[PDB]
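Coming up is one lone chain in structure tokens, specifically the form deposited in one PDB entry.
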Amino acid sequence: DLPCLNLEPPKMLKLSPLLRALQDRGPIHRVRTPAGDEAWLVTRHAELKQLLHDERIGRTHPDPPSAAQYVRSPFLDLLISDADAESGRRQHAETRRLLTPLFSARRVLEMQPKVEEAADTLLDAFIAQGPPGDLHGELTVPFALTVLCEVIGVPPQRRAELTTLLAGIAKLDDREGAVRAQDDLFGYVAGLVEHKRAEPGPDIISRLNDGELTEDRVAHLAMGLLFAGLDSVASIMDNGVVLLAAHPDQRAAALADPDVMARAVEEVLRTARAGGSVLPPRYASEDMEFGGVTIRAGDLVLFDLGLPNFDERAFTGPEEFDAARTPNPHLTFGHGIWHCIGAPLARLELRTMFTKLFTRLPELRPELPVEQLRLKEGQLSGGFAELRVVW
């Protein structure tokens, strides 16, 4: 009898009864996943943060095609190899050395004008169209994609076509459709990488080509970035709009002052999804005794960021949306060597759009009561199916 996890959408600002019960009853539990496999679930902020620094947990497994999974995704399968634990950790460290400088404070400051231009253009169009409008499909997804394309070096005309492909690679209910979407996207990206070698621009693909990587790895890094920076930004943005609409005093504080806005963006990150934010699978590379249990070599270890983010051991009043919360040690961008390398751009995108959205549309709010918002099914990182708003 292992507790069995599900894919039900979370409620606003509150862990589900199963997740609250597991967090109350200890820091780590053997569970069953939506795919039907067994896993460890870590439920508290201190212990999760401690596993994020434990080099026994990583993206290697002796036998990747029989490894326990949370959901079945040919995209996530690309992440796991049968390299030994040291060689995997080496691969990963090299990856971080190359991606980390692409988002330096200087480079992020240089990105700002185009992030702000893109938000203006899209918000003009959204507003021209008049209420009600699908915030998700017509604003947050296209803004995150536009920004990402500009930074990575994908031409803007490709935006409609990537929206389709990046949805395709994330299908959970259609293995062949997902493999095919992956082949097509990769074929496009690999063509783009080759173009850029002949004609470099101030963009990530060129910066990665200026180094010692194979064509193949440059393409894989670019494709991973395109998937990592799209629906994540949209999810945090969609939920921040819901939360900020629902908390008028908090919103007013945020818009009144750019330092409350910077704090408010961290509180949106902490509270956007109260559960269900389960990261790509990681595995123990050897047995380890942790949190009163013995994790075995090969066991799946799951990180659901809602759990630590709502842990009352780490946060005073974790169910309260406090736009001024400081400090705010949320784990929404991960930590340690599993830490978001795009976080500086994501934060810029969030401050930029929250500010413009609520400045221009002070009364912006979802049309439906929150409990009637519908989540996309059968899609990795799927977020809302639509987010109709009025103003």
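Residue positions are given as counts along the sequence shown, with the first one as 1. Superpose the two forms; the largest set of C-alphas matching within 1.5 Å is the rigid core.
The same protein also exists as the form deposited in another entry; that form is not shown, yet it is the one meant from here on.
Following superposition on the rigid core between the shown form and the other one, the residue from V151, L102, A167, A119 with a C-alpha displacement of 2 angstroms or more is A167, and no other. After superposition on the rigid core, the Cα atom of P74 is displaced by 2 Å or more between the shown form and the other one. With the core superposed, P64 shows a C-alpha displacement of at least 2 Å between the shown form and the other one. With a cut-off of 2 Å and the rigid core superposed, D249 has a Cα displacement that falls short of the cut-off between the shown form and the other one.
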